[PDB]
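Asker: sequence-free structure coming up:
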RNA sequence: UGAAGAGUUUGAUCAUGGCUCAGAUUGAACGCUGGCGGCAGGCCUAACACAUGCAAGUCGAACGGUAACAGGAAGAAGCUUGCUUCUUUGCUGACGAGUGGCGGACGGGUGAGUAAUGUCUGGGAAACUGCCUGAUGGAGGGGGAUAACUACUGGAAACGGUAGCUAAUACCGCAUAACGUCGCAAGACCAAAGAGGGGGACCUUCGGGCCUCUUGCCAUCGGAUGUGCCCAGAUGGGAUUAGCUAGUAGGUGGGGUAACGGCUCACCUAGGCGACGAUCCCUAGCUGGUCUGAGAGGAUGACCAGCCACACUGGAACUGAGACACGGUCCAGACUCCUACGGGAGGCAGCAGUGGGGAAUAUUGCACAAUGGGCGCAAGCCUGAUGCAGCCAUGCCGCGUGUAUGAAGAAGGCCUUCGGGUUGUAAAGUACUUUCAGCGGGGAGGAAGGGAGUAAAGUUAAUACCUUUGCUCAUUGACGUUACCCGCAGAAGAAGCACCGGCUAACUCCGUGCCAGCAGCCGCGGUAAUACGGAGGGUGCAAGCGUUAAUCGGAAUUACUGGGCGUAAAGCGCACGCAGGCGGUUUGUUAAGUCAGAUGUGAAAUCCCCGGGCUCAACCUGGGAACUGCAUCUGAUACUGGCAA
């Protein structure tokens, strides 16, 4: 499913925000965040092992918007390559169009970044798409269209873009609403909350 | 009986044809004798979608076996 | 060249026919142990004179009688 | 029942009793040689060998001896007389 | 780039060992729920029985012809008069039927039979092979016919019988006779078919002969391809299946097949086979492969490809290169149907449909566009092969059902020392977007070809023809206003399903009270149930979710990899010994086992390695490697085996 529900309520028991309605707000601003989303359908305790072990598996899973199947499949291409299995996986996960656009400042929210690509206002190269996954690669060209240098939603997401460092492996152009995905990601510096060893144990039978 | 013929291996509403020498007592998708070619009717730019050999379209046509109209018209346009 | 196959007569009585048992090393598949898996074939002697243990040369050919396909090509040695 | 040329069946009625007679004329002549073989004769076995020699030959040219039988069946009946000779 | 365990016996504990769960999967079914779209799959059972429709023809360029249609001519009419109308005529388009040739022996479907000289792997030898194709040579001259047709005549039909006539690339002689065949030899013996276009010089009784081309025909020897035949090896299970075999085993000579063969026979001999498992009994189409799995292995054989087998039942033969011809014949049999009651007719395991069975599996749809297949020297015609459409969440994949912002945080719930907490930025409220659906409007592409003209630089006649070549022109689209593209309003039209006692992430409040009920296992409930029921809430998955069945995995719990036997499950009560397995030590030899190399082959598909093409992905695809293997060819001699000492 694409969700469509109460973003920030998740934050509470996520114990992290991970970009839920970022633009003016984050934790404990006009919202009740860092609680438990139950009265006593769920409330804080010591935590189980297996809790953690499931939660973190979903941590990595949710900040791309990938379904059940997909992320496993990426694992079946990684453990088919003779290179690093850990690296490869997070490499394939960032090939999704929706993730790339957010990191070119297009969308102030992860959900919003993916809700751009939906309405016809995106394109890649001279090709028009409306597909939230694509093959994104070195020296591609991320392109805004005509009647998307016209929408007042897009502009209103450049605000936050001035407030996020933006990656160094892509050119980013907001002045003509382009930017190229000129070279491969670095994850020498995004594995900072990601322990690959954990998840790949679990996936294994 | 064996003849030069084309032979779909495309999926639905994809016309990828392969020129085979194949039987008329089995089929164009059945028992092959051999491939001999590839052909695009749509003239795709993929890696080697057109092959048609010189050597077997000059040896099994020696002892006889006829080709197809696109092929006939292709002998000239690869200037073979 | 040709092939001639080492058998040992082990039943000669009938006129112009010698029964040979041919022992080759057959390996077990799963347990990988060689064994003697003896197999009679019915060889036609030109004149019967054999018996028991006579190493011979046989070879594959046309039949001459029913259950034949074998001839005597040479008597390596005798042991009757 | 419906066939395109179910007439094929009737056409073969003709060609199965034409063949028939040609072959059985050929089989009466083989019986005439064999007569003379039991007489010890080279003078009535050979009034029935060279007299079926164009017969046997011209019927291989109607294809009614057939295939590699018809490169064999002018030697098969040659064989006969030679025992007796 | 390659495999993890947990729970469950006991008062406690450690082993042993069963049990269960977490995985992956399906031609799956079921229950609930259901926005789109791309790609794939879709009667597994009663191989039970089927209304109907369709799936098998095409060549006039071999024929004799003219039934219909349309013109040409012809006389004629109306003189409905130079225009309507009528008869005649095969002349021409064109073609009914009938003779003649080739397809109907394919393609398609099914897995009932089938443990298999059937399949698979690997070889082999004594064969065939229309369609195909190379070479050389030929196609001479006669005869007898008979369909249609015609005149009669029998039946309800099916389906006939007389009598007469005629054609051919039909039929049968005869001639000619090798690089032919047979024959040691000497010799002997055997073939046919022409049809088309065109034409200058000549000839004709004016139909044609002549000439030139073209396709087709005949023969002989090859090649290709495809196909018979043999062998070896591998092919399932049961000894509560141990004895088996008379063309049986073999040998002669006969006969037969395309060819090798007891394939078959006459005679002759009396053998052959068997526990390295015969004989018999159970069950099964087989393979590439498929699934799962770290692998080995096990399981499996759906779609797709190859092989084999079957077509109402049984049996049988005909023509042919090819058939025991699914939609050919005949005979017998049971069905089933019709009837003029005399007699006939039929066989969906072909497609689509029908009924019955079953847990379950779709429309009597459109079409020759395209691909392939058939007939034909061509044009052209034919196609339930095929391409499309349709129906079904049967599955794989993609996208959407909105984004932002918004609080004392709205009522409204729910829980609450009653301070509040929770639902909750969730809503209301504010802006911002219209993908995709819906509406309006364009629209690429899948088409190459063939057809009408023109160039030949062939061939001959120099010209034709025919073929060839480019050019020139009008066009070839079934799907379907296709991909796609533009506009049009308006969050609009688009979330569900299971679970929350432990394995296992995810609880409260009530009602019930060992009742009701729950439950994969371990197990729940006896009135203060995190396990039952409702509500509130929470959790995981999401146009699906959950349940079952089923196969492999975990399970190294059948173990070659990879298991035990003092007491946990297991050592015959004890000797002897036949087969079998096993062999101290030294030398010589051999090279079978074995080691090395070489060579074929190991189908396509499939895996992988590298790499592309569709808006992505699904899907499509190229090249390399793999193809673990097997046989063959040659070497090596340490070990294993043989031989010798």
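Answerer: Structure received. Residues are numbered from 1 along each chain as shown, chains lettered A, B, ... in the order given.
Asker: rest of the way, CA atoms for contacts and neighbours
Answerer: Will do.
Asker: what number of residues lie near the residue nearest to residue C:27 when sequence neighbours are not counted?
Answerer: Residue nearest to residue C:27 in three dimensions, not counting chain neighbours: residue C:34, with 4.0 Å by CA to CA, 6 or more residues apart in numbering or on different chains. By other CA atoms under 10 Å in any protein chain shown, 12 other residues sit near residue C:34.
Asker: Residue C:34 touches residue C:24, doesn't it?
Answerer: No - counting by CA atoms under 8 Å, residue C:34 stays clear of residue C:24, with 9.5 Å between them.
Asker: Give the helix, strand or coil label for the residue positioned nearest the centre of chain B.
Answerer: In chain B, the C-alpha nearest the mean C-alpha coordinate belongs to residue B:19, at 1.5 Å (CA atoms, centre = their mean). Here residue B:19 is recorded as strand under DSSP: H, G, I helix; E, B strand; the rest coil.
Asker: ok, it - contacts?
Answerer: Contact partners of residue B:19, counting by CA atoms under 8 Å, 6 or more residues apart in numbering or on different chains, are B:4-7, B:35-39, B:52.
Asker: same for RNA strand E: which of those residues are within range?
Answerer: For RNA strand E, the contacts drawn from the contacts of residue B:19 by CA under 7 Å from any atom of the strand are B:4-7, B:38.
Asker: So the residue nearest to the centre of chain B versus RNA strand E, what's the distance?
Answerer: Taking CA to the nearest atom of the strand, to the nearest Å as the measure, residue B:19 falls 8 Å from RNA strand E.
Asker: separation between that residue and residue B:27?
Answerer: Distance from residue B:19 to residue B:27, counting by CA to CA, to the nearest Å: 13 Å.
Asker: tell me the SS of residue D:24?
Answerer: Applying three-state DSSP: residue D:24 is helix.
Asker: Report how many residues lie close to it.
Answerer: Using other CA under 10 Å: residue D:24 sits among 11 other residues.
Asker: which residues does the residue nearest to residue C:27 contact?
Answerer: Counted by CA under 8 Å, 6+ apart, residue C:34 has contacts C:25-28.
Asker: nearest to residue D:17, of the residues you listed?
Answerer: Nearest to residue D:17 among the contacts of residue C:34 is residue C:26, at 58.9 Å by CA to CA.
Asker: Could you check how many residues crowd around that closest one?
Answerer: A count of neighbours around residue C:26, defined by other CA under 10 Å, yields 13.
Asker: cool, residue C:7 as well?
Answerer: Around residue C:7 there are 25 residues (other CA under 10 Å).
Asker: Surely it forms part of a strand?
Answerer: Yes - using three-state DSSP, the assignment for residue C:7 is a strand.
Asker: Next one: it from residue C:27, what distance?
Answerer: Applying CA to CA to residue C:7 and residue C:27 gives a distance of 19 Å.
Asker: ditto for residue A:23
Answerer: Between residue A:23 and residue C:27 the distance is 76 Å, computed by CA to CA.
Asker: between the two, which one's more packed in?
Answerer: Neighbours were counted for residue A:23 and for residue C:27 using other CA under 10 Å; residue A:23 has more, 16 against 13.
Asker: Reduced to three states, what does the closest residue to that one other than its chain neighbours come out as?
Answerer: Computed as CA to CA, 6+ apart, the closest residue to residue A:23 that is not its neighbour in sequence is residue A:108, at 5.8 Å. Of the three states, residue A:108 takes coil under three-state DSSP.
Asker: for residue A:108, phi and psi?
Answerer: Per-residue torsions, residue A:108: phi -90, psi -20 (degrees, to the nearest 10).
Asker: For it, give me its contacts.
Answerer: Contacts for residue A:108 (CA under 8 Å, 6+ apart) come out as A:21-23, A:102, A:157-161.
Asker: Kindly recompute the last result at 6 Å.
Answerer: For residue A:108, the contact set (CA atoms under 6 Å, 6 or more residues apart in numbering or on different chains) comprises A:23, A:157, A:160.
Asker: Among those residues, which one sits closest to residue D:1?
Answerer: For the contacts of residue A:108, the closest approach to residue D:1 (CA to CA) belongs to residue A:157, at 80.7 Å.
Asker: for the closest one, what are its contacts?
Answerer: A:106-108.
Asker: Find the centremost residue of chain D, please.
Answerer: The C-alpha lying nearest the average C-alpha coordinate of chain D belongs to residue D:26 (CA atoms, centre = their mean; 3.7 Å).
Asker: interface residues of chain C facing RNA strand E?
Answerer: C:1-3, C:11-17, C:19, C:24-25, C:30-31, C:34-42, C:44, C:60-69.
Asker: now swap in chain D and tell me
Answerer: Residues of chain D lying near RNA strand E (CA under 7 Å from any atom of the strand): D:1-9, D:11-13, D:15-16, D:19-20, D:50, D:53-55, D:57-58, D:61-64, D:66-69, D:71-72, D:74-76, D:78, D:80, D:83.
Asker: Among the residues you listed, which lie within helices?
Answerer: If you go by DSSP state H, these have D:8-9, D:11-13, D:19-20, D:53-55, D:57-58, D:78, D:80, D:83 in helices.
Asker: Of the residues you listed, keep whichever come out buried.
Answerer: For those, a burial check counting by 16 or more other CA atoms under 10 Å in any protein chain shown picks out D:55, D:57.
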